[PDB]
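Dropping run_7.txt in here (compact mmCIF, N, CA and C atoms):
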```
# COMPACT_ATOMS: atom_id res chain seq x y z
N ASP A 1 -4.29 -38.98 -15.23
CA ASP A 1 -3.14 -39.03 -16.13
C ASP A 1 -3.21 -37.86 -17.10
N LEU A 2 -2.59 -36.78 -16.68
CA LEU A 2 -2.55 -35.55 -17.41
C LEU A 2 -1.20 -35.46 -18.12
N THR A 3 -1.17 -34.92 -19.34
CA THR A 3 0.05 -34.97 -20.11
C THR A 3 0.65 -33.61 -20.25
N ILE A 4 1.79 -33.38 -19.68
CA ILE A 4 2.43 -32.12 -19.95
C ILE A 4 3.53 -32.31 -20.96
N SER A 5 3.70 -31.34 -21.80
CA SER A 5 4.75 -31.39 -22.77
C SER A 5 5.49 -30.09 -22.77
N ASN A 6 6.77 -30.21 -22.74
CA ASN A 6 7.62 -29.05 -22.77
C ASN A 6 7.83 -28.68 -24.21
N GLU A 7 7.02 -27.77 -24.68
CA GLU A 7 6.99 -27.47 -26.13
C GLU A 7 8.27 -26.79 -26.60
N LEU A 8 9.10 -26.43 -25.66
CA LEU A 8 10.35 -25.76 -25.94
C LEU A 8 11.50 -26.74 -25.94
N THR A 9 11.52 -27.60 -24.94
CA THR A 9 12.60 -28.48 -24.72
C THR A 9 12.31 -29.86 -25.30
N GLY A 10 11.04 -30.08 -25.56
CA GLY A 10 10.61 -31.28 -26.25
C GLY A 10 10.41 -32.46 -25.33
N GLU A 11 10.37 -32.18 -24.04
CA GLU A 11 10.16 -33.19 -23.06
C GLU A 11 8.72 -33.50 -22.97
N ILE A 12 8.50 -34.64 -22.43
CA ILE A 12 7.18 -35.18 -22.25
C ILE A 12 7.04 -35.67 -20.83
N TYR A 13 6.19 -34.99 -20.12
CA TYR A 13 5.98 -35.24 -18.71
C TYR A 13 4.80 -36.16 -18.53
N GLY A 14 4.93 -37.02 -17.55
CA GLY A 14 4.22 -38.27 -17.56
C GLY A 14 2.93 -38.24 -16.80
N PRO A 15 2.28 -39.40 -16.69
CA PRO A 15 0.92 -39.51 -16.18
C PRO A 15 0.78 -38.91 -14.81
N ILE A 16 0.31 -37.71 -14.81
CA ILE A 16 0.03 -37.03 -13.59
C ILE A 16 -1.39 -37.29 -13.17
N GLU A 17 -1.52 -37.74 -11.96
CA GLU A 17 -2.83 -38.04 -11.43
C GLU A 17 -3.47 -36.75 -11.00
N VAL A 18 -4.46 -36.30 -11.75
CA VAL A 18 -5.15 -35.10 -11.36
C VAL A 18 -6.48 -35.42 -10.75
N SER A 19 -6.68 -34.81 -9.62
CA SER A 19 -7.96 -34.84 -8.95
C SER A 19 -8.59 -33.49 -9.19
N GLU A 20 -9.89 -33.47 -9.40
CA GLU A 20 -10.57 -32.25 -9.80
C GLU A 20 -10.56 -31.25 -8.65
N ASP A 21 -10.33 -31.78 -7.47
CA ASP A 21 -10.27 -30.98 -6.26
C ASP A 21 -8.84 -30.55 -5.93
N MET A 22 -7.90 -30.72 -6.87
CA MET A 22 -6.60 -30.16 -6.74
C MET A 22 -6.70 -28.70 -7.09
N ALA A 23 -5.64 -28.00 -6.87
CA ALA A 23 -5.56 -26.64 -7.30
C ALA A 23 -4.84 -26.62 -8.63
N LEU A 24 -5.45 -26.01 -9.63
CA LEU A 24 -4.84 -25.88 -10.93
C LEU A 24 -3.51 -25.17 -10.76
N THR A 25 -3.46 -24.33 -9.74
CA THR A 25 -2.26 -23.66 -9.34
C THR A 25 -1.18 -24.63 -8.88
N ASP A 26 -1.54 -25.54 -7.98
CA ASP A 26 -0.62 -26.56 -7.49
C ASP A 26 -0.15 -27.43 -8.64
N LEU A 27 -0.96 -27.46 -9.68
CA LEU A 27 -0.62 -28.16 -10.89
C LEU A 27 0.46 -27.39 -11.65
N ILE A 28 0.17 -26.11 -11.89
CA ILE A 28 1.13 -25.14 -12.38
C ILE A 28 2.41 -25.14 -11.53
N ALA A 29 2.25 -25.40 -10.24
CA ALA A 29 3.37 -25.49 -9.32
C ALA A 29 4.35 -26.58 -9.77
N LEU A 30 3.82 -27.78 -10.00
CA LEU A 30 4.61 -28.91 -10.48
C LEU A 30 5.07 -28.66 -11.88
N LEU A 31 4.24 -27.95 -12.59
CA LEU A 31 4.49 -27.58 -13.93
C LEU A 31 5.74 -26.70 -14.01
N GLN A 32 5.85 -25.73 -13.12
CA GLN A 32 6.99 -24.87 -13.06
C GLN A 32 8.19 -25.60 -12.48
N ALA A 33 7.89 -26.36 -11.44
CA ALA A 33 8.86 -27.13 -10.70
C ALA A 33 9.59 -28.16 -11.58
N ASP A 34 8.82 -29.02 -12.23
CA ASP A 34 9.36 -30.16 -12.96
C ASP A 34 9.34 -29.92 -14.47
N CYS A 35 8.26 -29.33 -14.97
CA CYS A 35 8.12 -29.12 -16.40
C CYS A 35 8.93 -27.92 -16.86
N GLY A 36 9.28 -27.06 -15.92
CA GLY A 36 10.06 -25.89 -16.26
C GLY A 36 9.19 -24.74 -16.70
N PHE A 37 7.89 -24.89 -16.46
CA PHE A 37 6.92 -23.86 -16.68
C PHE A 37 7.36 -22.54 -16.08
N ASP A 38 7.10 -21.50 -16.82
CA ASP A 38 7.39 -20.16 -16.42
C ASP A 38 6.43 -19.25 -17.13
N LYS A 39 5.35 -18.95 -16.48
CA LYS A 39 4.30 -18.12 -17.02
C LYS A 39 4.81 -16.77 -17.50
N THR A 40 5.90 -16.33 -16.90
CA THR A 40 6.42 -15.00 -17.11
C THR A 40 7.20 -14.93 -18.40
N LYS A 41 7.47 -16.10 -18.95
CA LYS A 41 7.81 -16.20 -20.33
C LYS A 41 7.61 -17.64 -20.70
N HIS A 42 6.40 -17.86 -20.98
CA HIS A 42 5.90 -19.02 -21.60
C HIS A 42 4.51 -18.76 -22.03
N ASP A 43 4.03 -19.71 -22.73
CA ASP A 43 2.65 -19.87 -22.91
C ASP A 43 2.35 -21.30 -22.66
N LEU A 44 1.44 -21.57 -21.82
CA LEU A 44 1.03 -22.84 -21.58
C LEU A 44 -0.22 -23.10 -22.41
N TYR A 45 -0.27 -24.24 -23.09
CA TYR A 45 -1.42 -24.58 -23.89
C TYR A 45 -2.18 -25.67 -23.25
N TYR A 46 -3.40 -25.39 -23.21
CA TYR A 46 -4.39 -26.23 -22.73
C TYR A 46 -5.28 -26.67 -23.87
N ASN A 47 -5.28 -27.97 -24.10
CA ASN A 47 -6.00 -28.58 -25.19
C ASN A 47 -5.43 -28.17 -26.52
N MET A 48 -5.77 -26.99 -26.95
CA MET A 48 -5.26 -26.47 -28.20
C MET A 48 -4.78 -25.03 -28.05
N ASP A 49 -5.08 -24.43 -26.91
CA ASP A 49 -4.81 -23.00 -26.75
C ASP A 49 -4.26 -22.60 -25.39
N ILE A 50 -3.59 -21.46 -25.41
CA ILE A 50 -3.05 -20.83 -24.25
C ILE A 50 -4.08 -20.53 -23.21
N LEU A 51 -3.60 -20.61 -22.01
CA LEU A 51 -4.29 -20.12 -20.87
C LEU A 51 -4.24 -18.60 -20.82
N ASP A 52 -4.85 -18.04 -19.80
CA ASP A 52 -4.77 -16.60 -19.56
C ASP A 52 -4.66 -16.36 -18.06
N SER A 53 -4.45 -15.12 -17.66
CA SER A 53 -4.48 -14.77 -16.25
C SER A 53 -5.92 -14.83 -15.76
N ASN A 54 -6.84 -14.68 -16.71
CA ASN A 54 -8.26 -14.80 -16.47
C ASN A 54 -8.65 -16.24 -16.23
N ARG A 55 -7.81 -17.16 -16.71
CA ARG A 55 -8.08 -18.57 -16.62
C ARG A 55 -7.70 -19.12 -15.27
N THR A 56 -8.13 -18.42 -14.27
CA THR A 56 -7.94 -18.81 -12.88
C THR A 56 -8.95 -19.90 -12.50
N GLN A 57 -9.63 -20.42 -13.51
CA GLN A 57 -10.57 -21.46 -13.34
C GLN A 57 -9.79 -22.75 -13.36
N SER A 58 -10.06 -23.49 -12.35
CA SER A 58 -9.27 -24.60 -11.93
C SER A 58 -9.32 -25.78 -12.87
N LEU A 59 -8.65 -26.84 -12.46
CA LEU A 59 -8.72 -28.12 -13.17
C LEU A 59 -10.16 -28.46 -13.54
N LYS A 60 -11.00 -28.45 -12.52
CA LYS A 60 -12.39 -28.83 -12.68
C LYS A 60 -13.17 -27.80 -13.50
N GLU A 61 -12.69 -26.56 -13.51
CA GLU A 61 -13.35 -25.52 -14.28
C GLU A 61 -12.87 -25.53 -15.73
N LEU A 62 -11.56 -25.69 -15.91
CA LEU A 62 -10.96 -25.77 -17.25
C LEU A 62 -11.62 -26.85 -18.07
N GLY A 63 -11.81 -27.99 -17.44
CA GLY A 63 -12.23 -29.16 -18.16
C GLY A 63 -11.12 -30.19 -18.18
N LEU A 64 -10.29 -30.18 -17.13
CA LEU A 64 -9.16 -31.11 -17.03
C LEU A 64 -9.67 -32.47 -16.55
N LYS A 65 -8.88 -33.50 -16.82
CA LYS A 65 -9.41 -34.87 -16.71
C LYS A 65 -8.44 -36.01 -16.97
N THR A 66 -9.02 -37.13 -17.35
CA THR A 66 -8.29 -38.37 -17.57
C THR A 66 -7.40 -38.30 -18.81
N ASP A 67 -7.71 -37.39 -19.73
CA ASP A 67 -6.95 -37.28 -20.97
C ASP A 67 -6.46 -35.86 -21.19
N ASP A 68 -6.27 -35.11 -20.11
CA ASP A 68 -5.89 -33.71 -20.23
C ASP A 68 -4.38 -33.55 -20.39
N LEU A 69 -3.95 -32.30 -20.48
CA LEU A 69 -2.60 -31.95 -20.89
C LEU A 69 -2.30 -30.48 -20.65
N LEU A 70 -1.06 -30.18 -20.32
CA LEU A 70 -0.54 -28.83 -20.51
C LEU A 70 0.61 -28.85 -21.48
N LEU A 71 0.77 -27.74 -22.14
CA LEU A 71 1.98 -27.55 -22.97
C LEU A 71 2.73 -26.29 -22.69
N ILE A 72 4.02 -26.43 -22.69
CA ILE A 72 4.89 -25.28 -22.38
C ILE A 72 5.49 -24.63 -23.58
N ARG A 73 5.00 -23.47 -23.84
CA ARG A 73 5.42 -22.73 -25.00
C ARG A 73 5.95 -21.39 -24.58
N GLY A 74 6.27 -20.57 -25.54
CA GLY A 74 6.38 -19.16 -25.33
C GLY A 74 7.73 -18.67 -25.70
N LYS A 75 8.38 -18.02 -24.77
CA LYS A 75 9.74 -17.69 -24.88
C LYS A 75 10.02 -16.70 -25.95
N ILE A 76 11.27 -16.73 -26.23
CA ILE A 76 11.91 -15.92 -27.23
C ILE A 76 11.28 -16.15 -28.61
N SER A 77 11.55 -17.30 -29.20
CA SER A 77 11.03 -17.61 -30.53
C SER A 77 9.87 -18.61 -30.47
N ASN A 78 8.64 -18.07 -30.43
CA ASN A 78 7.40 -18.86 -30.44
C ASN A 78 6.22 -17.98 -30.06
N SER A 79 6.40 -17.23 -28.98
CA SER A 79 5.34 -16.39 -28.43
C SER A 79 5.15 -15.14 -29.28
```

Would you mind writing the structure in this file as structure tokens?
Amino acid sequence: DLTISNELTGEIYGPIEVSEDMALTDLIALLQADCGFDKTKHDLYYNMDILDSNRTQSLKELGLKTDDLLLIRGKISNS
């Protein structure tokens, strides 16, 4: 049950079942798909801070889990 929040639109995306053997990318996939994630103008926050292109370290590498979360930030006024 991972919590995504659309920090721009104010939506709250629901208990996503994350398996550590998922692809953080496939997660970002749903994130872009449903959450409206757009790395190309967003900032996604993990825990308290933005990810990076260097942060190619997966769910299991990030430290994602039973109480994890992404946030969708960035854009025009925020980034």

Output as a CSV table (one decimal) with N, CA and C atoms, in the frame of the given file all residues of segment 22-64 of chain A that backbone DSSP marks as helix (DSSP H, G or I).
```csv
chain,number,residue,atom,x,y,z
A,24,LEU,N,-5.4,-26.0,-9.6
A,24,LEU,CA,-4.8,-25.9,-10.9
A,24,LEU,C,-3.5,-25.2,-10.8
A,25,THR,N,-3.5,-24.3,-9.7
A,25,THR,CA,-2.3,-23.7,-9.3
A,25,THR,C,-1.2,-24.6,-8.9
A,26,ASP,N,-1.5,-25.5,-8.0
A,26,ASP,CA,-0.6,-26.6,-7.5
A,26,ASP,C,-0.2,-27.4,-8.6
A,27,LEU,N,-1.0,-27.5,-9.7
A,27,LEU,CA,-0.6,-28.2,-10.9
A,27,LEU,C,0.5,-27.4,-11.6
A,28,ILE,N,0.2,-26.1,-11.9
A,28,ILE,CA,1.1,-25.1,-12.4
A,28,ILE,C,2.4,-25.1,-11.5
A,29,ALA,N,2.2,-25.4,-10.2
A,29,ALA,CA,3.4,-25.5,-9.3
A,29,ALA,C,4.4,-26.6,-9.8
A,30,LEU,N,3.8,-27.8,-10.0
A,30,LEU,CA,4.6,-28.9,-10.5
A,30,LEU,C,5.1,-28.7,-11.9
A,31,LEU,N,4.2,-28.0,-12.6
A,31,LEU,CA,4.5,-27.6,-13.9
A,31,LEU,C,5.7,-26.7,-14.0
A,32,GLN,N,5.8,-25.7,-13.1
A,32,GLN,CA,7.0,-24.9,-13.1
A,32,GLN,C,8.2,-25.6,-12.5
A,33,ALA,N,7.9,-26.4,-11.4
A,33,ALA,CA,8.9,-27.1,-10.7
A,33,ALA,C,9.6,-28.2,-11.6
A,34,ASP,N,8.8,-29.0,-12.2
A,34,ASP,CA,9.4,-30.2,-13.0
A,34,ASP,C,9.3,-29.9,-14.5
A,35,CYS,N,8.3,-29.3,-15.0
A,35,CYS,CA,8.1,-29.1,-16.4
A,35,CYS,C,8.9,-27.9,-16.9
A,39,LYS,N,5.4,-19.0,-16.5
A,39,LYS,CA,4.3,-18.1,-17.0
A,39,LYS,C,4.8,-16.8,-17.5
A,40,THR,N,5.9,-16.3,-16.9
A,40,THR,CA,6.4,-15.0,-17.1
A,40,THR,C,7.2,-14.9,-18.4
A,41,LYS,N,7.5,-16.1,-19.0
A,41,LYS,CA,7.8,-16.2,-20.3
A,41,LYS,C,7.6,-17.6,-20.7
A,59,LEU,N,-8.6,-26.8,-12.5
A,59,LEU,CA,-8.7,-28.1,-13.2
A,59,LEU,C,-10.2,-28.5,-13.5
A,60,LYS,N,-11.0,-28.4,-12.5
A,60,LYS,CA,-12.4,-28.8,-12.7
A,60,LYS,C,-13.2,-27.8,-13.5
A,61,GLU,N,-12.7,-26.6,-13.5
A,61,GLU,CA,-13.4,-25.5,-14.3
A,61,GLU,C,-12.9,-25.5,-15.7
A,62,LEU,N,-11.6,-25.7,-15.9
A,62,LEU,CA,-11.0,-25.8,-17.2
A,62,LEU,C,-11.6,-26.8,-18.1
```

Checklist outcome for this item: Computed gap from atom N of residue 71 of chain A to atom C of residue 49 of chain A is 7.9 Å

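If you look at atom CA of residue 68 of chain A and atom CA of residue 8 of chain A, they are 19.0 Å away from each other.
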
Next on the checklist: Just the number, please: distance in Å from atom CA of residue 40 of chain A to atom CA of residue 67 of chain A, one decimal.
Outcome noted: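 Spanning atom CA of residue 40 of chain A to atom CA of residue 67 of chain A is a straight-line distance of 26.3 Å.
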
Item to check | Every residue of segment 4-66 of chain A that DSSP places in strand (DSSP E), as a PyMOL selection string | outcome: chain A and resi 4-6+12-16+43-46+49-50

Checklist entry - If you count all atoms listed in the file, which residues fall within 7 Å of segment 24-30 of chain A, apart from same-chain ones fewer than 4 positions away, as a list in words? => result residues 34, 35, 36, 37, 57, 58, 59 and 60 of chain A

Checklist entry - What would the list of residues within 6.5 Å of (7.2, -15.2, -23.4) (file frame) look like as an NGL selection string, if only N, CA and C atoms are what count? => result :A and (40-43 or 73-76 or 79)

Can I get the selection written as a compact mmCIF listing (two decimals), keeping the file's coordinate frame, with N, CA and C atoms?
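again31.txt, written as the output of this step:
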```txt
# COMPACT_ATOMS: atom_id res chain seq x y z
N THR A 40 5.90 -16.33 -16.90
CA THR A 40 6.42 -15.00 -17.11
C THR A 40 7.20 -14.93 -18.40
N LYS A 41 7.47 -16.10 -18.95
CA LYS A 41 7.81 -16.20 -20.33
C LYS A 41 7.61 -17.64 -20.70
N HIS A 42 6.40 -17.86 -20.98
CA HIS A 42 5.90 -19.02 -21.60
C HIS A 42 4.51 -18.76 -22.03
N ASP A 43 4.03 -19.71 -22.73
CA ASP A 43 2.65 -19.87 -22.91
C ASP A 43 2.35 -21.30 -22.66
N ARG A 73 5.00 -23.47 -23.84
CA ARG A 73 5.42 -22.73 -25.00
C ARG A 73 5.95 -21.39 -24.58
N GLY A 74 6.27 -20.57 -25.54
CA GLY A 74 6.38 -19.16 -25.33
C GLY A 74 7.73 -18.67 -25.70
N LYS A 75 8.38 -18.02 -24.77
CA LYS A 75 9.74 -17.69 -24.88
C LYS A 75 10.02 -16.70 -25.95
N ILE A 76 11.27 -16.73 -26.23
CA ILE A 76 11.91 -15.92 -27.23
C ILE A 76 11.28 -16.15 -28.61
N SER A 79 6.40 -17.23 -28.98
CA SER A 79 5.34 -16.39 -28.43
C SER A 79 5.15 -15.14 -29.28
```

Checklist entry - Which residue out of A:77, A:38, A:2, A:62 has the minimum interatomic distance to residue 18 of chain A when only N, CA and C atoms are used? => result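 Looking only at the distances to residue 18 of chain A, the closest residue turns out to be A:2.
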
Six-sided padding of 3 Å per side, axis-aligned box over segment 16-24 of chain A, centre and edges in Å, one decimal, as lines of an AutoDock Vina configuration file:
```
center_x = -5.1
center_y = -31.6
center_z = -10.4
size_x = 16.9
size_y = 18.9
size_z = 14.9
```

Please complete segment 17-35 of chain A so it has N, CA, C and O atoms, and hand it over as a compact mmCIF listing (two decimals), in the coordinates of the input.
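Wrote it out as part-v3.txt, contents follow:
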```
# COMPACT_ATOMS: atom_id res chain seq x y z
N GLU A 17 -1.52 -37.74 -11.96
CA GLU A 17 -2.83 -38.04 -11.43
C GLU A 17 -3.47 -36.75 -11.00
O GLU A 17 -3.07 -36.15 -10.00
N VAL A 18 -4.46 -36.30 -11.75
CA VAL A 18 -5.15 -35.10 -11.36
C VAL A 18 -6.48 -35.42 -10.75
O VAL A 18 -7.26 -36.23 -11.25
N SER A 19 -6.68 -34.81 -9.62
CA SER A 19 -7.96 -34.84 -8.95
C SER A 19 -8.59 -33.49 -9.19
O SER A 19 -7.91 -32.48 -9.16
N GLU A 20 -9.89 -33.47 -9.40
CA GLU A 20 -10.57 -32.25 -9.80
C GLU A 20 -10.56 -31.25 -8.65
O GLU A 20 -10.78 -30.05 -8.83
N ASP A 21 -10.33 -31.78 -7.47
CA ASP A 21 -10.27 -30.98 -6.26
C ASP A 21 -8.84 -30.55 -5.93
O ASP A 21 -8.57 -30.08 -4.82
N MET A 22 -7.90 -30.72 -6.87
CA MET A 22 -6.60 -30.16 -6.74
C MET A 22 -6.70 -28.70 -7.09
O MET A 22 -7.73 -28.23 -7.57
N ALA A 23 -5.64 -28.00 -6.87
CA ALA A 23 -5.56 -26.64 -7.30
C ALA A 23 -4.84 -26.62 -8.63
O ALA A 23 -3.76 -27.19 -8.75
N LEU A 24 -5.45 -26.01 -9.63
CA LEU A 24 -4.84 -25.88 -10.93
C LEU A 24 -3.51 -25.17 -10.76
O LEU A 24 -2.57 -25.39 -11.51
N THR A 25 -3.46 -24.33 -9.74
CA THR A 25 -2.26 -23.66 -9.34
C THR A 25 -1.18 -24.63 -8.88
O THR A 25 -0.04 -24.53 -9.31
N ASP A 26 -1.54 -25.54 -7.98
CA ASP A 26 -0.62 -26.56 -7.49
C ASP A 26 -0.15 -27.43 -8.64
O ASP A 26 0.92 -28.04 -8.60
N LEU A 27 -0.96 -27.46 -9.68
CA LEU A 27 -0.62 -28.16 -10.89
C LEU A 27 0.46 -27.39 -11.65
O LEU A 27 1.51 -27.92 -11.98
N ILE A 28 0.17 -26.11 -11.89
CA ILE A 28 1.13 -25.14 -12.38
C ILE A 28 2.41 -25.14 -11.53
O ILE A 28 3.50 -24.88 -12.02
N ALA A 29 2.25 -25.40 -10.24
CA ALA A 29 3.37 -25.49 -9.32
C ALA A 29 4.35 -26.58 -9.77
O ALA A 29 5.54 -26.32 -9.94
N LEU A 30 3.82 -27.78 -10.00
CA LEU A 30 4.61 -28.91 -10.48
C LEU A 30 5.07 -28.66 -11.88
O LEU A 30 6.12 -29.12 -12.31
N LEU A 31 4.24 -27.95 -12.59
CA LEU A 31 4.49 -27.58 -13.93
C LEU A 31 5.74 -26.70 -14.01
O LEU A 31 6.62 -26.92 -14.84
N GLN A 32 5.85 -25.73 -13.12
CA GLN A 32 6.99 -24.87 -13.06
C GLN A 32 8.19 -25.60 -12.48
O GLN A 32 9.31 -25.49 -12.96
N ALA A 33 7.89 -26.36 -11.44
CA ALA A 33 8.86 -27.13 -10.70
C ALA A 33 9.59 -28.16 -11.58
O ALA A 33 10.82 -28.16 -11.66
N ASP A 34 8.82 -29.02 -12.23
CA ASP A 34 9.36 -30.16 -12.96
C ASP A 34 9.34 -29.92 -14.47
O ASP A 34 10.30 -30.25 -15.17
N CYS A 35 8.26 -29.33 -14.97
CA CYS A 35 8.12 -29.12 -16.40
C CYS A 35 8.93 -27.92 -16.86
O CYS A 35 9.23 -27.77 -18.04
```
